Amino acid sequence: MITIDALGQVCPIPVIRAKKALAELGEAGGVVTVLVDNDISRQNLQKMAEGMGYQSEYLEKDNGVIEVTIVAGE
């Protein structure tokens, strides 16, 4: 699995880092989780995931951290 800490980064950086990580997983798929600090980023991350045909979920943790998990196949 791969976890990208993108806290403090402004869009579209989190989404770009996430997409690069997903495109790098090859046909084998896997899981990319991304830490973001605003709902807008979470939305952007989910639209990109749906766009690519990947399943995703998100969970709002403590201290405002949003974790968005994207699955390709792990």
# chains A, B, ... in the order shown; residues from 1 in each chain; ligands from 1
>>> select_by_dssp(residues="chain A", states="helix (DSSP H, G or I)", output="JSON list (two decimals) with N, CA and C atoms, in the first residue's frame")
[["chain", "number", "residue", "atom", "x", "y", "z"],
["A", 13, "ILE", "N", -2.31, 19.71, -6.32],
["A", 13, "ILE", "CA", -1.17, 18.89, -5.90],
["A", 13, "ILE", "C", -1.55, 17.52, -5.33],
["A", 14, "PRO", "N", -2.48, 17.47, -4.33],
["A", 14, "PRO", "CA", -2.83, 16.15, -3.79],
["A", 14, "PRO", "C", -3.31, 15.21, -4.85],
["A", 15, "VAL", "N", -4.17, 15.70, -5.75],
["A", 15, "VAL", "CA", -4.73, 14.88, -6.80],
["A", 15, "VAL", "C", -3.68, 14.40, -7.80],
["A", 16, "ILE", "N", -2.72, 15.26, -8.12],
["A", 16, "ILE", "CA", -1.65, 14.91, -9.04],
["A", 16, "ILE", "C", -0.74, 13.82, -8.41],
["A", 17, "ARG", "N", -0.38, 14.01, -7.14],
["A", 17, "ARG", "CA", 0.45, 13.04, -6.47],
["A", 17, "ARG", "C", -0.29, 11.69, -6.43],
["A", 18, "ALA", "N", -1.59, 11.73, -6.15],
["A", 18, "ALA", "CA", -2.37, 10.51, -6.10],
["A", 18, "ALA", "C", -2.47, 9.86, -7.44],
["A", 19, "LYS", "N", -2.70, 10.65, -8.49],
["A", 19, "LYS", "CA", -2.84, 10.04, -9.80],
["A", 19, "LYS", "C", -1.51, 9.40, -10.27],
["A", 20, "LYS", "N", -0.40, 10.06, -9.99],
["A", 20, "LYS", "CA", 0.93, 9.55, -10.35],
["A", 20, "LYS", "C", 1.13, 8.23, -9.61],
["A", 21, "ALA", "N", 0.79, 8.20, -8.34],
["A", 21, "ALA", "CA", 0.97, 6.94, -7.61],
["A", 21, "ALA", "C", 0.09, 5.81, -8.16],
["A", 22, "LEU", "N", -1.14, 6.14, -8.57],
["A", 22, "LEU", "CA", -2.04, 5.10, -9.11],
["A", 22, "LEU", "C", -1.58, 4.60, -10.48],
["A", 23, "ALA", "N", -1.19, 5.52, -11.35],
["A", 23, "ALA", "CA", -0.74, 5.16, -12.69],
["A", 23, "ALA", "C", 0.55, 4.32, -12.63],
["A", 26, "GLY", "N", 0.69, -0.15, -12.14],
["A", 26, "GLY", "CA", 0.50, -1.16, -13.15],
["A", 26, "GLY", "C", -0.83, -1.91, -13.07],
["A", 27, "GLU", "N", -0.88, -2.97, -13.87],
["A", 27, "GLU", "CA", -2.04, -3.83, -14.00],
["A", 27, "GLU", "C", -2.35, -4.52, -12.69],
["A", 28, "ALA", "N", -1.37, -4.62, -11.82],
["A", 28, "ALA", "CA", -1.58, -5.30, -10.54],
["A", 28, "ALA", "C", -2.46, -4.48, -9.55],
["A", 39, "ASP", "N", -12.17, 19.56, 2.44],
["A", 39, "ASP", "CA", -13.18, 18.78, 1.72],
["A", 39, "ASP", "C", -13.11, 18.86, 0.23],
["A", 40, "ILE", "N", -12.66, 20.02, -0.23],
["A", 40, "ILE", "CA", -12.53, 20.28, -1.64],
["A", 40, "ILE", "C", -11.52, 19.30, -2.24],
["A", 41, "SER", "N", -10.42, 19.09, -1.56],
["A", 41, "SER", "CA", -9.41, 18.16, -2.06],
["A", 41, "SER", "C", -9.98, 16.74, -2.12],
["A", 42, "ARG", "N", -10.72, 16.38, -1.06],
["A", 42, "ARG", "CA", -11.32, 15.05, -0.97],
["A", 42, "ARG", "C", -12.23, 14.85, -2.19],
["A", 43, "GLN", "N", -13.05, 15.86, -2.47],
["A", 43, "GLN", "CA", -13.93, 15.79, -3.62],
["A", 43, "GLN", "C", -13.16, 15.62, -4.91],
["A", 44, "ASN", "N", -12.10, 16.39, -5.05],
["A", 44, "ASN", "CA", -11.30, 16.30, -6.26],
["A", 44, "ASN", "C", -10.68, 14.90, -6.39],
["A", 45, "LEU", "N", -10.19, 14.39, -5.27],
["A", 45, "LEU", "CA", -9.62, 13.03, -5.26],
["A", 45, "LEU", "C", -10.67, 11.99, -5.65],
["A", 46, "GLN", "N", -11.92, 12.10, -5.15],
["A", 46, "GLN", "CA", -12.95, 11.11, -5.53],
["A", 46, "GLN", "C", -13.40, 11.21, -6.99],
["A", 47, "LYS", "N", -13.50, 12.43, -7.49],
["A", 47, "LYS", "CA", -13.89, 12.62, -8.91],
["A", 47, "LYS", "C", -12.82, 12.01, -9.83],
["A", 48, "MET", "N", -11.55, 12.17, -9.44],
["A", 48, "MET", "CA", -10.44, 11.59, -10.22],
["A", 48, "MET", "C", -10.51, 10.10, -10.12],
["A", 49, "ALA", "N", -10.82, 9.58, -8.92],
["A", 49, "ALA", "CA", -10.89, 8.12, -8.78],
["A", 49, "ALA", "C", -12.06, 7.55, -9.64],
["A", 50, "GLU", "N", -13.23, 8.18, -9.55],
["A", 50, "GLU", "CA", -14.35, 7.68, -10.34],
["A", 50, "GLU", "C", -13.93, 7.81, -11.79],
["A", 51, "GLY", "N", -13.43, 8.99, -12.17],
["A", 51, "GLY", "CA", -12.95, 9.18, -13.53],
["A", 51, "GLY", "C", -12.12, 7.98, -13.99],
["A", 52, "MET", "N", -11.14, 7.55, -13.19],
["A", 52, "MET", "CA", -10.32, 6.39, -13.56],
["A", 52, "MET", "C", -10.99, 5.03, -13.37],
["A", 62, "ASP", "N", -9.05, 12.87, 13.25],
["A", 62, "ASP", "CA", -8.81, 13.91, 14.24],
["A", 62, "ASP", "C", -7.87, 15.00, 13.76],
["A", 63, "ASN", "N", -8.17, 16.21, 14.22],
["A", 63, "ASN", "CA", -7.41, 17.41, 13.91],
["A", 63, "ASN", "C", -7.60, 17.83, 12.46],
["A", 64, "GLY", "N", -8.80, 17.57, 11.93],
["A", 64, "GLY", "CA", -9.12, 17.93, 10.56],
["A", 64, "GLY", "C", -8.51, 17.12, 9.40]]
>>> atom_distance(atom1="atom CA of residue 71 of chain A", atom2="atom CA of residue 57 of chain A")
8.9 Å
>>> closest_residue(among="A:25, A:34, A:1, A:10", to="residue 59 of chain A", atoms="only C-alpha atoms")
A:34
>>> select_by_dssp(residues="chain A", states="strand (DSSP E)", output="count of residues only")
22
>>> residues_around(residues="residue 37 of chain A", least_positions_apart="5", cutoff="9 Å", atoms="only C-alpha atoms", output="number ranges by chain")
A: 6-9, 42, 64-67
>>> closest_residue(among="A:58, A:69, A:74, A:12", to="residue 32 of chain A", atoms="only C-alpha atoms")
A:69
>>> residues_around(residues="residue 33 of chain A", least_positions_apart="6", cutoff="6 Å", atoms="only C-alpha atoms", output="PyMOL selection string")
chain A and resi 3+68-70
>>> write_last_selection(atoms="C-alpha atoms", output="PDB file, in the first residue's frame")
ATOM      1  CA  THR A   3       0.229   6.676   1.787  1.00  0.00           C
ATOM      2  CA  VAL A  68      -9.053   9.327   1.113  1.00  0.00           C
ATOM      3  CA  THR A  69      -8.322   5.720   0.182  1.00  0.00           C
ATOM      4  CA  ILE A  70      -8.250   4.725  -3.480  1.00  0.00           C
TER       5      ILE A  70
END
>>> decode(residues="segment 42-61 of chain A", atoms="N, CA, C and O atoms", output="PDB file, in the first residue's frame")
ATOM      1  N   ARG A  42     -10.724  16.382  -1.064  1.00  0.00           N
ATOM      2  CA  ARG A  42     -11.325  15.049  -0.975  1.00  0.00           C
ATOM      3  C   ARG A  42     -12.227  14.847  -2.190  1.00  0.00           C
ATOM      4  O   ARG A  42     -12.164  13.817  -2.908  1.00  0.00           O
ATOM      5  N   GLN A  43     -13.050  15.859  -2.469  1.00  0.00           N
ATOM      6  CA  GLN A  43     -13.932  15.786  -3.624  1.00  0.00           C
ATOM      7  C   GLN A  43     -13.160  15.618  -4.910  1.00  0.00           C
ATOM      8  O   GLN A  43     -13.530  14.833  -5.799  1.00  0.00           O
ATOM      9  N   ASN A  44     -12.099  16.395  -5.045  1.00  0.00           N
ATOM     10  CA  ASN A  44     -11.295  16.301  -6.257  1.00  0.00           C
ATOM     11  C   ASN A  44     -10.683  14.904  -6.386  1.00  0.00           C
ATOM     12  O   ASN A  44     -10.680  14.309  -7.464  1.00  0.00           O
ATOM     13  N   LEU A  45     -10.190  14.392  -5.268  1.00  0.00           N
ATOM     14  CA  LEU A  45      -9.624  13.033  -5.261  1.00  0.00           C
ATOM     15  C   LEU A  45     -10.669  11.989  -5.649  1.00  0.00           C
ATOM     16  O   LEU A  45     -10.342  11.082  -6.414  1.00  0.00           O
ATOM     17  N   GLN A  46     -11.922  12.100  -5.153  1.00  0.00           N
ATOM     18  CA  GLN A  46     -12.947  11.109  -5.531  1.00  0.00           C
ATOM     19  C   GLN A  46     -13.398  11.209  -6.989  1.00  0.00           C
ATOM     20  O   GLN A  46     -13.634  10.193  -7.671  1.00  0.00           O
ATOM     21  N   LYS A  47     -13.496  12.427  -7.491  1.00  0.00           N
ATOM     22  CA  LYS A  47     -13.892  12.617  -8.914  1.00  0.00           C
ATOM     23  C   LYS A  47     -12.820  12.007  -9.828  1.00  0.00           C
ATOM     24  O   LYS A  47     -13.129  11.375 -10.861  1.00  0.00           O
ATOM     25  N   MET A  48     -11.551  12.171  -9.441  1.00  0.00           N
ATOM     26  CA  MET A  48     -10.443  11.595 -10.224  1.00  0.00           C
ATOM     27  C   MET A  48     -10.509  10.101 -10.123  1.00  0.00           C
ATOM     28  O   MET A  48     -10.298   9.391 -11.119  1.00  0.00           O
ATOM     29  N   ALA A  49     -10.823   9.585  -8.925  1.00  0.00           N
ATOM     30  CA  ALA A  49     -10.894   8.119  -8.775  1.00  0.00           C
ATOM     31  C   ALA A  49     -12.056   7.551  -9.635  1.00  0.00           C
ATOM     32  O   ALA A  49     -11.901   6.540 -10.337  1.00  0.00           O
ATOM     33  N   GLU A  50     -13.231   8.177  -9.549  1.00  0.00           N
ATOM     34  CA  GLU A  50     -14.355   7.676 -10.339  1.00  0.00           C
ATOM     35  C   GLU A  50     -13.935   7.807 -11.794  1.00  0.00           C
ATOM     36  O   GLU A  50     -14.049   6.844 -12.557  1.00  0.00           O
ATOM     37  N   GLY A  51     -13.435   8.990 -12.173  1.00  0.00           N
ATOM     38  CA  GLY A  51     -12.949   9.176 -13.530  1.00  0.00           C
ATOM     39  C   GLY A  51     -12.117   7.980 -13.985  1.00  0.00           C
ATOM     40  O   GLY A  51     -12.381   7.421 -15.053  1.00  0.00           O
ATOM     41  N   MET A  52     -11.141   7.547 -13.189  1.00  0.00           N
ATOM     42  CA  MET A  52     -10.320   6.392 -13.561  1.00  0.00           C
ATOM     43  C   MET A  52     -10.992   5.025 -13.367  1.00  0.00           C
ATOM     44  O   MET A  52     -10.427   3.995 -13.736  1.00  0.00           O
ATOM     45  N   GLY A  53     -12.187   4.985 -12.796  1.00  0.00           N
ATOM     46  CA  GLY A  53     -12.818   3.693 -12.610  1.00  0.00           C
ATOM     47  C   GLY A  53     -12.278   2.944 -11.391  1.00  0.00           C
ATOM     48  O   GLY A  53     -12.190   1.715 -11.382  1.00  0.00           O
ATOM     49  N   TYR A  54     -11.943   3.700 -10.351  1.00  0.00           N
ATOM     50  CA  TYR A  54     -11.416   3.100  -9.152  1.00  0.00           C
ATOM     51  C   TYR A  54     -12.409   3.315  -8.047  1.00  0.00           C
ATOM     52  O   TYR A  54     -13.140   4.305  -8.062  1.00  0.00           O
ATOM     53  N   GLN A  55     -12.431   2.386  -7.097  1.00  0.00           N
ATOM     54  CA  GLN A  55     -13.277   2.524  -5.925  1.00  0.00           C
ATOM     55  C   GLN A  55     -12.491   3.421  -4.930  1.00  0.00           C
ATOM     56  O   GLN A  55     -11.255   3.427  -4.909  1.00  0.00           O
ATOM     57  N   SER A  56     -13.215   4.172  -4.108  1.00  0.00           N
ATOM     58  CA  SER A  56     -12.597   5.032  -3.097  1.00  0.00           C
ATOM     59  C   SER A  56     -13.520   5.268  -1.898  1.00  0.00           C
ATOM     60  O   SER A  56     -14.725   5.088  -1.987  1.00  0.00           O
ATOM     61  N   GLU A  57     -12.954   5.670  -0.765  1.00  0.00           N
ATOM     62  CA  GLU A  57     -13.744   5.988   0.401  1.00  0.00           C
ATOM     63  C   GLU A  57     -12.958   7.079   1.037  1.00  0.00           C
ATOM     64  O   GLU A  57     -11.762   7.294   0.674  1.00  0.00           O
ATOM     65  N   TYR A  58     -13.572   7.738   2.028  1.00  0.00           N
ATOM     66  CA  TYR A  58     -12.845   8.771   2.788  1.00  0.00           C
ATOM     67  C   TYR A  58     -13.350   8.773   4.206  1.00  0.00           C
ATOM     68  O   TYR A  58     -14.536   8.473   4.466  1.00  0.00           O
ATOM     69  N   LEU A  59     -12.476   9.160   5.109  1.00  0.00           N
ATOM     70  CA  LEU A  59     -12.784   9.201   6.517  1.00  0.00           C
ATOM     71  C   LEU A  59     -12.168  10.466   7.104  1.00  0.00           C
ATOM     72  O   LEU A  59     -10.989  10.784   6.858  1.00  0.00           O
ATOM     73  N   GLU A  60     -12.988  11.197   7.865  1.00  0.00           N
ATOM     74  CA  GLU A  60     -12.569  12.449   8.500  1.00  0.00           C
ATOM     75  C   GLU A  60     -12.030  12.128   9.872  1.00  0.00           C
ATOM     76  O   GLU A  60     -12.798  11.820  10.770  1.00  0.00           O
ATOM     77  N   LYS A  61     -10.707  12.214  10.025  1.00  0.00           N
ATOM     78  CA  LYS A  61     -10.034  11.887  11.273  1.00  0.00           C
ATOM     79  C   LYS A  61      -9.878  13.071  12.224  1.00  0.00           C
ATOM     80  O   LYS A  61     -10.491  14.139  12.041  1.00  0.00           O
TER      81      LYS A  61
END
